[PDB]
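To start, the structure under review is shown below, and the notes come after it.
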Amino acid sequence: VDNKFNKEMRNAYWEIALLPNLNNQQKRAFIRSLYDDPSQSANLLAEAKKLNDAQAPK
Numbered sequence: 001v002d003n004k005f006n007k008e009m010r011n012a013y014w015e016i017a018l019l020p021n022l023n024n025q026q027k028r029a030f031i032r033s034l035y036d037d038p039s040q041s042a043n044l045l046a047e048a049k050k051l052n053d054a055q056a057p058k
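The numbers in the sequence shown follow the deposited numbering, run straight up by one, and end at 58.
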């Protein structure tokens, strides 16, 4: 990590945005959460997908 692992955030940024069933507040919340605590990036990303999988029909 020369400057910073910003690349990881980029992936989770758009990947989360891709899910269309996440509540408007949740979509903005997780993406902002990255800045709040980059250490949880892997968790937040997984957590975001969890909301997608859960809120999704069937």
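Ideal Cβ positions, reconstructed from N, Cα and C, are used throughout, including at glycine.
Item                                                                : Value
Nearest to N6 (by Cα), restricted to the options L19, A54, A42, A48 : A42
Alpha-carbon spacing of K50 relative to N21, whole angstroms        : 11 Å
Alpha-carbon to alpha-carbon, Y35 and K58                           : 33 Å
Backbone CA spacing between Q55 and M9 [nearest angstrom]           : 23 Å
Whole-Å CB distance - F30 paired with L44, under 8 Å assumed        : 5 Å
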